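Chemist: Mind looking over this structure? Questions follow.
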Amino acid sequence: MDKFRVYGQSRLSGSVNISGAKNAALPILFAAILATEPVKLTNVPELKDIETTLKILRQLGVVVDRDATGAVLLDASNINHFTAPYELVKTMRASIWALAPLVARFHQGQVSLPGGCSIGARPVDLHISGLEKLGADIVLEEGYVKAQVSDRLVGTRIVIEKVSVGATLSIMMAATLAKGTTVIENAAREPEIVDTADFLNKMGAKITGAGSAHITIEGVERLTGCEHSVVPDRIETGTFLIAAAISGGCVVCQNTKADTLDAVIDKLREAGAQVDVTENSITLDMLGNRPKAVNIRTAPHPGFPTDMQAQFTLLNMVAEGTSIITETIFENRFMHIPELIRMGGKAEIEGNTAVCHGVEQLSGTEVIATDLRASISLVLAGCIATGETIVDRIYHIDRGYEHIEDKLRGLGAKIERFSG
Ligand SMILES: CC(=O)N[C@H]1[C@@H](OP(=O)(O)OP(=O)(O)OC[C@H]2O[C@@H](n3ccc(=O)[nH]c3=O)[C@H](O)[C@@H]2O)O[C@H](CO)[C@@H](O)[C@@H]1O[C@H](C)C(=O)O
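In the working numbering, the protein residues as written are 20 to 439.
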């Protein structure tokens with residue numbers, strides 16, 4: 020069981036390279052099940068989720084590997100198995116995305132129904148419902164969601180009653196091969212959705228409206244292939260900007276996308292940070308100042324993203340003043356707070372809200388990670404706390420961040436990966 024040993028009390032400053040969005044790469048990799056010709060993906064981060072996805076793809080008959088340039092070369096021309104097995108799906112519920120394309124292209128597909136997840140209730144009822152609207156027959160047999168359709172799917176109007184990134188993507192993927200036109204009202208607008216749609220369009224799809232709540236897809240018989248560079252990861256960018264914001268440092272993020280972080284950038288500024296945005300970089304200079312507490316309310320894009328909530332909870336815990344953090348996406352995504360309280364943080368939780376009271380300095384001790392995106396807050400806390408900090412179960416961190424120790428050490432942190 021790997022752990023991080025972190026020695027704090029150091030301002031984080033310098034340059035860090037942002038990688039492609041983990042959550043654009045994942046849906047793009049599953050959407051790739053639709054490609055009848057070779058696919059080349061660049062800027063795909065090196066992290067566990069990608070590896071898990073590749074394992075799922077390979078057992079469907081997809082040949083895919085990252086070559087020495089770092090590019091991911093994929094050939095889905097001969098899929099001969101149509102089941103994403105329980106043993107793989109249980110490790111990453113996003114694999115639910117394998118069902119839509121399998122069903123749309125091969126008219127059948129089977130995926131283990133995701134079970135429980137720590138951060139909250141996460142059913143996939145909207146995905147199923149949406150696929151059923153396109154004409155799929157779906158049953159749940161022995162823990163497996165089984166889909167089938169006698170003929171090509173049929174495009175129709177679909178209003179997803181809840182804003183859902185995942186359901187918006189399952190439906191959009193399936194619609195690219197449906198007959199006629201599909202319309203997805205109340206679609207999630209996340210930048211990763213825009214990227215998947217762009218990726219699909221490069222293969223012959225016909226999607227317009229991605230990024231808005233109204234997506235239109237004109238179905239085609241089949242998709243070909245393409246080369247595609249994944250959109251920068253806004254969450255990784257946010258995380259490093261916060262690294263500077265919580266340590267009074269100055270950080271430059273390279274290869275960023277200007278407009279995917281407005282909510283986050285506005286809050287950093289509200290917190291007292293000076294942030295400079297160019298077309299391909301974002302620089303945050305905290306000018307050696309302590310942050311000013313800010314309220315936070317998570318919500319679907321373009322609002323403040325839940326994947327940046329813990330990072331900002333940390334900022335508030337060392338800020339000056341009181342703050343209210345409300346999480347509306349996942350009702351139980353506050354696991355970091357008590358771990359951060361072990362370090363000296365002050366916060367009270369009540370339902371989906373946390374009231375934090377900022378302190379001057381945290382102090383190191385041992386804490387446990389449990390959220391692949393949120394737990395990064397614990398590592399950052401180690402960087403600015405007094406003495407030593409030990410973050411256990413960092414394997415969670417490895418699913419959502421690539422070379423995190425290298426990038427952090429690159430900003431001046433003293434972090435070593437060890438075991439036992
Ligand atoms: C792989 C990936 O892209 N995962 C991301 C995506 O999860 P997702 O599940 O698809 O997004 P949702 O559908 O927008 O849903 C958010 C809310 O919607 C409810 N809902 C969703 C689908 C459904 O059928 N029924 C239904 O009720 C749901 O229960 C929740 O309350 O969006 C989240 C919010 O931005 C991210 O935190 C999450 O990152 C994670 C950490 C990670 O990288 O591992």
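C-beta atoms are modelled at their ideal positions from N, C-alpha and C, and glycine is treated no differently.
#1: Would you please state the rounded distance, in angstroms, between the beta carbons of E204 and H233? I believe it to be under 8 Å.
#2: Our contact map puts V270 next to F259 with C-beta atoms below 8 Å; I'd like the distance itself, whole angstroms only.
#3: For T302 versus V294, is the C-beta distance shorter than 8 Å?
#4: Whose C-beta lies closer than 6 Å to the C-beta of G291 among residues of the same chain, with five residues either side of it excluded?
#5: Near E385, which residues of its chain fall below 6 Å by C-beta distance, leaving aside the five closest residues on each side in sequence?
#6: Could you tell me if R418 is buried or exposed, where buried requires 16 or more neighbouring beta carbons within 10 angstroms of its beta carbon?
#7: Taking only heavy atoms of ligand 1 into account, decide whether any of them is closer than 7 Å to the Cβ of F218.
#8: Give a yes or no on whether 8 Å exceeds the smallest Cβ distance from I356 to chain D.
#9: Cα separation between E240 and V122?
#10: Would you be able to state if there are at least three C-beta pairs under 8 Å between the region 128-137 and the region 328-340?
#11: Identify every residue that forms a DSSP beta bridge with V108.
#12: Would you say residue 441 and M327 are within 8 Å of each other, going by their C-beta atoms?
#13: Do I203 and ligand 1 come close, with the Cβ less than 7 Å from some heavy atom?
#14: Would DSSP call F437 helix, strand or coil?
#15: Determine the direct distance from the alpha carbon of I356 to that of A329, and round the result to whole angstroms.
#16: So within the region 86-162, which uninterrupted alpha helix (DSSP H) runs reach at least 4 residues, ignoring any that extend past its ends?
#17: Would the beta-carbon of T256 fall within 8 Å of that of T275?
#18: By how many angstroms is the C-alpha of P251 removed from the C-alpha of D278?
#19: From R171 to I52, what does the alpha carbon distance come to, in whole angstroms?
#20: Where do the ends of the beta strand (DSSP E) carrying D21 lie?
#21: Does the beta carbon of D144 fall short of 7 Å from some heavy atom of ligand 1?
#22: Who are the Cβ neighbours of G134 in its own chain at under 7 Å, not counting the five residues just before and after it?
#23: Heavy atom of ligand 1 less than 7 Å from the Cβ of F349, yes or no?
#24: What did DSSP end up calling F353 once you bin it into helix, strand or coil?
#25: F101: buried (16+ other C-beta within 10 angstroms of its C-beta) or exposed?
#26: Please name the residue in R428, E407, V398 and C402 whose C-alpha comes closest to that of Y414.
#27: What number of angstroms, rounded off, separates the C-alpha of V143 from the C-alpha of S29?
#28: How is the alpha helix (DSSP H) around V184 delimited, first residue to last?
#29: May I have a chain-ordered list of the beta strand (DSSP E) segments no shorter than 3 residues that lie completely inside the region 381-416?
#30: For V35, which residues does DSSP report across the bridge?
#31: What do you get for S96, buried or exposed, if any count of 16 or more other CB atoms within 10 angstroms of its CB means buried?
#32: Closest to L359 by C-alpha separation, out of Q380, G370 and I348, would be which residue?
#33: Based on the DSSP output, what are the partners of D295 in its beta bridges?
#34: Restricting to Cα atoms, I'd like to know which of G364, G363, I368 and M362 is closest to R352.
#35: How is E204 classed by DSSP in three states: helix, strand or coil?
Modeler: Reading from the atomic positions:
#1: 6 Å
#2: 6 Å
#3: yes
#4: Within the same chain, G291 has close Cβ partners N308, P310 and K311.
#5: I409
#6: buried
#7: Result no, Cβ not under 7 Å from ligand 1.
#8: Absent here is chain D; the protein component of the structure consists of one chain.
#9: 13 Å
#10: no
#11: For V108, which the question treats as bridged, DSSP gives no partner whatsoever.
#12: Residue 441 is absent from the structure shown; the chain starts at 20 and stops at 439.
#13: no
#14: strand
#15: 8 Å
#16: 105-108, 118-125 and 144-152
#17: When the beta-carbon positions are compared, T256 and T275 come within less than 8 Å of each other.
#18: 11 Å
#19: 16 Å
#20: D21 to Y26
#21: At least one heavy atom of ligand 1 lies less than 7 Å from the C-beta of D144.
#22: Answer for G134: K109, listed in chain order.
#23: yes
#24: coil
#25: Classification for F101: buried.
#26: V398
#27: 43 Å
#28: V184 to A194
#29: 385-387 and 407-411
#30: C272
#31: With fewer than 16 Cβ atoms within 10 Å of its Cβ, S96 is classed as exposed.
#32: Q380
#33: Answer is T302.
#34: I368
#35: strand
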